[PDB]
Each structure stands twice: as structure tokens, then as C-alpha cells.
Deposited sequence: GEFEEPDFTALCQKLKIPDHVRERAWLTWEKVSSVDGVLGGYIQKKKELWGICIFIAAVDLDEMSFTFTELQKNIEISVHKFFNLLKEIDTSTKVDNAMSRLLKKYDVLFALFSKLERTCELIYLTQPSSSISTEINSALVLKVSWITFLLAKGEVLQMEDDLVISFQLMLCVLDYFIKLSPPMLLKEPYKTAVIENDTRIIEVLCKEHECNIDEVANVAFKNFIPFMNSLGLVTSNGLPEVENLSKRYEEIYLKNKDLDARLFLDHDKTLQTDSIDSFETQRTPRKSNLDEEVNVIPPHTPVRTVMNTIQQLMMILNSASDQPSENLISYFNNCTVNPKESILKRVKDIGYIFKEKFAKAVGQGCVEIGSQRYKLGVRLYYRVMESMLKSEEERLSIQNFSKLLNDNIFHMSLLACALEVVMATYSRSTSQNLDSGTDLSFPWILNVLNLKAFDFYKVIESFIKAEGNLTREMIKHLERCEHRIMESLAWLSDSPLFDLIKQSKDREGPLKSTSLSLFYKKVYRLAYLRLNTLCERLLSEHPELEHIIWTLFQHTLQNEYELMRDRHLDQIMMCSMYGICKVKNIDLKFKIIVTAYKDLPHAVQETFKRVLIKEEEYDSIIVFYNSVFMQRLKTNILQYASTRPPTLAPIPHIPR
């Protein structure tokens, strides 16, 4: 069956035989299903799929792109059509993220250069050397591969270095009459809404040490452009990544309210407003409430903060880069500034309501403090990340594993936090609400979770935390169930309430099915399970396609579902083996 053009492409990418024969088998099963269908683009994608699942990348992703002449986003889009394995999805995800971040940074770099150098050692030269230098500097200090902020501050340091190297003649007027001194790193931090202390730490701890490892290749300040270019190529060929040097030629392979970096840099200043009066220590009023307690909690509170900042900036560095313990430090400080601030707002607001000053059960509750702290930290960590409406591994629920805090417990504080801090931006509020959504949809239903005891200790007839939670889950569950129903079942509106009854029945009387599973999986199975006993043609592929268009739905939710303990399959396999096993004698009634 193997068309020659395919075997040709396979050869140009040095594809091994097992990979060739699996790239082809994939092309067979894909053309077999139709709905997508030049046909060369799809071939390389099949090759790429084969070379990821088989752990045999004999080619760099840029090489593949050079051959099927596809754009990065286009490649990604087309891949969503194919029933690719989760492992491919991870691969393309990481690659998509890497590209977007790199593109943003490079765009920002090239944009800034045209405003520093009047156009014509010269501007074109420094752009090349700054970018490749940064490219190498990035790889040494950062282990994230998609952290916009630290990368950008790093890039600002690189830029700073080469502006001074530049003769002031070809510099534009702010910078020209400025290198004649250290005002350059200030001007940038002003022009780009960056903290001067954040940048200076990166320069001292990361950028400058790195440059000092380039002495053998630098003459007259300037590193050898070509030696670095070769040093980068060595790493590009190794990761089989994308050749990021190509941005310099505006290479086609890499062509596609505020551009991505200024966006995130501004929300950071928005956090600097909110905290422009909060010390990293309990204020005297905070200390008042402490002293006005039955048991003075100040000892346990100052210690918890110390203990957590240790586990934090360590874990931070484990994920961001070992040479970044100090930025983990200056992130955590911000969290503490917020944390103490909100705690003062809470206590004060609580005496306006309770007319007392002894808040001793509250202030000595260990779970309450960890909650409030994890929450202040999250606001901070999210302020520093690329907005997740494709986020990161520092994204929620990263902060929950650091503090060893159960998601349910974390959820209970969100509402009071938002209200206690009247200065949270709408975006921060919206992000916290989405955090609550994840706890509701899956996290609180994890195997080790207080929730299942609130449920067990309600299987009798004092339950109130359990009821407000269930009321919030239902709202989420029905809202999702309903947009799905209107899209897929206009012609049978009588089914919706029926499904919802089965959905409710499961969350309530079969909760031990949600254990380490996802709410939307119980939703999708409920639609299907009912549609079948009432003989409506609604196959899972249809259900699952509609599911993807939901606000924050991810493919892994239907591709990877817990069947037996430590056993993951598809939602269909889940439907038949487990979901129908427990609910057989309930869907009888319908």
C-alpha cells in the first residue's frame, strides 16, 4: 500500500523501519475514519506520532516541519483530529508551549531593538548575539522551558549587557545619553514594568555567573557569535527540539489586548499595588489579636511560615531550576505579605460581626492557616505565570502538594479569601474560582480526601460543609450537562432531566465511583447510559467531540479513565466495565 512519496519522506527524515511501518499503519487507520481529508502534511504527523509512541525520534521537529511545510499551530490543530495517544498529546503540548514562549520572547526582543538602535558592530549583529546568548543562558538556568517571566527578566539582562558593548553612536536617544552609567537596567525595568530587584537578583545569581563561563570565547566583551551558535546547535540536535535560531531569519517554520509579556508583567504590578503596605511580618494590630487570644498563636504561626518557606523555595527550585532558590524566596515573601494582610482583614471583619477580640479557635487552627497561606501563594504563583484562560507544572494544584494540603480543605477558604481581600483583580478572582472548579470536579474526590468521611458520617440521616459543597458541585454539573444537552439533544429534550436524575443518583448513592475520577466522566457516561436505554443514537465519539468545546475540558479526561486501581483506559471502556456494573439495576427504571 505504501505510496512512494511516503517512503521518500520516511527516508529524508532517516526514519527507522519500525517507525516507518507504524507511521504507515497510522495513516491507514486515519484515512479509514475520514472527516479530515495535499496529503503530505498528514503523513509527517503520522510519522511524528509513530516516532513519539515508539521513543525513536531520528529527526528534529524542525526537520519534520521543513519537509511537510507546515506551521507549528497548524501541525498542532491537525493532530487533535487524530485519535493520538496521551503520550503524543503530552509531547505536542510541551512542544506547543515551548514554541509560543520562544516566539513571544523573540518578538519582544526584536521589537525592543528597533527602539534602542536607530536603523542602518551594529544592530543586526547584537540582535543575533543577544538572542543566541539568551537562548543558551535560558537553557542553563531554567528547567521550566515555558516560564515567561524569569526568561524575560533574563533576556533583559542579556540585552543590558550588549547595549553597553554597543557604541553610543548607533543607540537611540534615551539609551544613547545613558550608557555614559548603570541607568540602562533601570530604564528597561521602567519601560517594561519589571521589578528592579527581581531582575538584579537574576543578573547577580544567574546571568552574570553564566557569562563568566564564557570568558574563553569572549574577546573585547563580545562572545564569539559562531561558537555559541554551534554550542546551541549541539543541544537543538540532541533534544530534537525546534531550532530557535531560525527566528533570526523570520523562518517560515516559525511564523504563525497586550502582547504576552507586557500582559503578565502588568498583572505583577497589579499585585505590587495590593501589597504596597504589607510587611513580611505581622503588624502590631495582627499582634494585638494574637495577644488577645486564649492561647497565644503567634509562636505556631511564625514557625509555620518559616517551615513552609523552606519546603517551598526548595520545591520551587526543583521545578524552576536549582540556580533559582532565591527567586523562589522572593516569590514566597510576596505570598507571606499577602497572607498576613488578608488575615488582618479577616480578623477585623470578624469582630465587626461578632463583637469580640478573642479569635482563638480560628488563629490556632492549623488547617486554616495552611489554607489561607496556600491561597495567598496561589494568587502569587498565578500572577507570575502565563494566564491559563496551556499553563504549566507550577500551576494549581502545584501549591497543594508543596504544603501537603488537601484540596477540600483548600476550597473552604476560597470564598472568605476573595471577600477578605477587596483588592483582588477580576482575573485573580476568576482564577481562584477555576481553582475551586477543579477541586469540585476532581481534586476533592481523590482517594486521600476528607470528603469521603463527611459523606460516610452523613450516611445516618450534623452535615453542613457537605451540603454547601454538593450544592456547588450540582451547579457545576448541571451547567455542563445542560450546554451539552442543548447541543446534542435538541430533538429529545425529555432526556435531559432523566440523565440529571441518574447523574444526581450517582454523585449521592454511588459516590465511591468518583474516587480518583472526574465529574465530567460521570456526566458523559450518564448521557450515554440513558440514551441507550431509550434507544437514541448517541455514540461516544459524538459526546466526546462536544465535550472538547467546553470552556476548560481536556482530552485526557476521556482518553484516560481509571478502570481498576492503577489501571487507566478510555471512557468507553469505563462505561462498559465499571459505570454500568454499579448502575445496571438503576438504569432499569428508564
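Trainee: When the deposited sequence is counted from residue 1, which ranges lack any model?
Mentor: No C-alpha coordinates exist for 1-2, 40-44, 128-135, 196-197, 274-298, 432-435, 508-511, 641-656.
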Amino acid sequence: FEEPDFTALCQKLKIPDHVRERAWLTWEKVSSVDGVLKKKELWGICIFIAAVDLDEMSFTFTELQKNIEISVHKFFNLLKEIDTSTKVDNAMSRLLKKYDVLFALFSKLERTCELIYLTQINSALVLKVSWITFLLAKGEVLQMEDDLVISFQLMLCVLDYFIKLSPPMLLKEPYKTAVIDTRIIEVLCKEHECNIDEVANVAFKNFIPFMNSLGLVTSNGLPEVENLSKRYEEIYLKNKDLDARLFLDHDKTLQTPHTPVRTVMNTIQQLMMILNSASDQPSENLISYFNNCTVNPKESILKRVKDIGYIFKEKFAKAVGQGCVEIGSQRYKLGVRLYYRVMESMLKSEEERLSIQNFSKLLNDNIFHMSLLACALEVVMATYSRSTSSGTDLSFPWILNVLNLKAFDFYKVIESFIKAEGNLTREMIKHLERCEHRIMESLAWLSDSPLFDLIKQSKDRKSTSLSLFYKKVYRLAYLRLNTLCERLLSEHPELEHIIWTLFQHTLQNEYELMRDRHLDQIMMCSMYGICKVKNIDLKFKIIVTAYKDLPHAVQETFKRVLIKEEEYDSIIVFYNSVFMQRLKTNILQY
From here on, numbers count along this sequence of modelled residues.
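Trainee: Can you let me know which of the two, 351-359 or 496-504, has the higher average C-alpha B-factor in the entry?
Mentor: It is 351-359 that shows the higher mean C-alpha B-factor.
Trainee: Between 69-77 and 432-440, which has the higher average C-alpha B-factor in the PDB entry?
Mentor: The entry gives the higher C-alpha B-factor average to 69-77.
Trainee: If you compare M523, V30, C531, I49, which has the highest Cα B-factor in the entry?
Mentor: Among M523, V30, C531, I49, the highest C-alpha B-factor in the entry belongs to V30.
Trainee: Looking at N227, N201, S387, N364, which has the highest CA B-factor as recorded?
Mentor: The C-alpha B-factor peaks, among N227, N201, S387, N364, at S387.
Trainee: Looking at the temperature factor on the CA atom of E415, which third of the chain's modelled residues does it land in?
Mentor: It belongs to the lowest third of the chain when residues are ordered by C-alpha B-factor.
Trainee: With respect to C-alpha B-factor, does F558 fall in the lowest, middle or highest third of the chain as deposited?
Mentor: For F558, the deposited C-alpha B-factor lands in the middle third.
Trainee: Among all modelled residues of this chain, ranked by Cα B factor, put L135 in the bottom, middle or top third, i.e. lowest, middle or highest.
Mentor: Bottom third by C-alpha B-factor.
Trainee: Please place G328 in the lowest, middle or highest third of its chain by C-alpha B factor as given in the entry.
Mentor: According to the entry, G328 has a C-alpha B-factor in the chain's lowest third.
Trainee: Sorting the chain's CA B-factors, does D197 end up in the lowest, middle or highest third?
Mentor: Tercile = middle for this residue's CA B-factor.
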